[PDB]
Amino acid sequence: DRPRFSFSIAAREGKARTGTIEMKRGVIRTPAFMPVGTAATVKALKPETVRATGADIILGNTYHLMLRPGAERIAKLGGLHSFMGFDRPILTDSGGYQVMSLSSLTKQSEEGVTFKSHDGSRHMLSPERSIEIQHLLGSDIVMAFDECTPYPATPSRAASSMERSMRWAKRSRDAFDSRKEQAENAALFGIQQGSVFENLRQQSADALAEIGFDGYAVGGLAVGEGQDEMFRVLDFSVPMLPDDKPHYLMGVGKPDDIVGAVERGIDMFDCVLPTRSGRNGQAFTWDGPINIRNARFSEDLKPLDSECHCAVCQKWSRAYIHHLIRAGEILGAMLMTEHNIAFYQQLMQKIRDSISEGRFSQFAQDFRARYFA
């Protein structure tokens, strides 16, 4: 039977790594892409379809679920896995980021954040309550509760925010450890902050390693800084994290961002881009993204992508999906989403295979040359 948590690195090329995370509910192949389930559903897909695309794990957003249907209610009903019918690992975010972006009348303090539901109902969120909600949902990978520092940030503000987040990381660790069922069956990840400043990124990494976590996220990136700056920060930030644990880049991203982040030592990713932009007509292909609503696709009998192995590309044309999206049909969202998530999983598979074979550098070059042709 599988352990609570074991990360094993099978092959390396430069800073890139490929391997597996074993957990009670399944094995996660890394580098991994996690489709996002916003309110207990990966939008427009049955869980069996999510699995069929190759996903090993999904991300569940806590903020939405704590408001609707409610964490206690989900626990009463048997937990998130049973509720939504997805039996493999689920990583839950802490809820803190969406509180700031989506809710109103927020009040921050050292204790946590109070906020009004985007309902007007009132609520608190502290490290302790976030860890508890993630427990009630039955999360397999629990994220420590922290603050995503705005970009740009002054050094003083980035430091203050990072320091509070490290105090909150210790509180998150202690809350998780004080719940026996959670500590024995789930994993806890800590989040590095520090904005774009190397000294703050180092202090944050040191604090997180002293507390000790099962994995380490690079937080606070993909917040408007652009790819060059994101990569510059990853260049010095990822080596600060423990080498023997997974490295998770939150909220990234576009295919080229993923490739470059893997080149810099990242093992895990999530983003709404394939699902959200799929519903809005953007399809990913090896030759770059296309907008299926464009009139040039109205009589195009080719599949979305000429090499993609997904069920959508085996069965339906660009012309049909163009019609569906233009007509506002639900099946359009279903088909675009399945294809995009399958594309992302095929990208991750090519990344894993190329690292395993010692030809990832060449893959990255070939991928870019074609994707940006």
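Residue numbers here begin at 1 and follow the sequence given.
- The entry shows a gap from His118 to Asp119, with 1 to 3 unmodelled residues of the deposited sequence in between.
- Taking the PDB entry as given, 300 to 308 carries the higher mean Cα B factor of the two stretches 300 to 308 and 341 to 349.
- Comparing 16 to 24 with 361 to 369, the stretch with the higher mean C-alpha B-factor in the PDB entry is 361 to 369.
- Reading the B-factor column for the CA atoms of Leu208, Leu249, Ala144, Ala71 in the entry, the top value corresponds to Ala71.
- By the numbers in the PDB entry, the CA B factor is greatest at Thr106 among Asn294, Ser204, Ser94, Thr106.
- Ranked within its chain, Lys46 lands in the lowest third, by CA B factor from the PDB record.
- Ranked by C-alpha B-factor against the other modelled residues of its chain, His322 falls in the lowest third.
- Among the modelled residues of the chain, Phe284 sits in the middle third by CA temperature factor in this PDB entry.
- Among the modelled residues of its chain, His123 has a C-alpha B-factor that falls in the highest third according to the deposited record.
- Sort the chain's modelled residues by C-alpha temperature factor and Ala40 lands in the middle third, per the entry.
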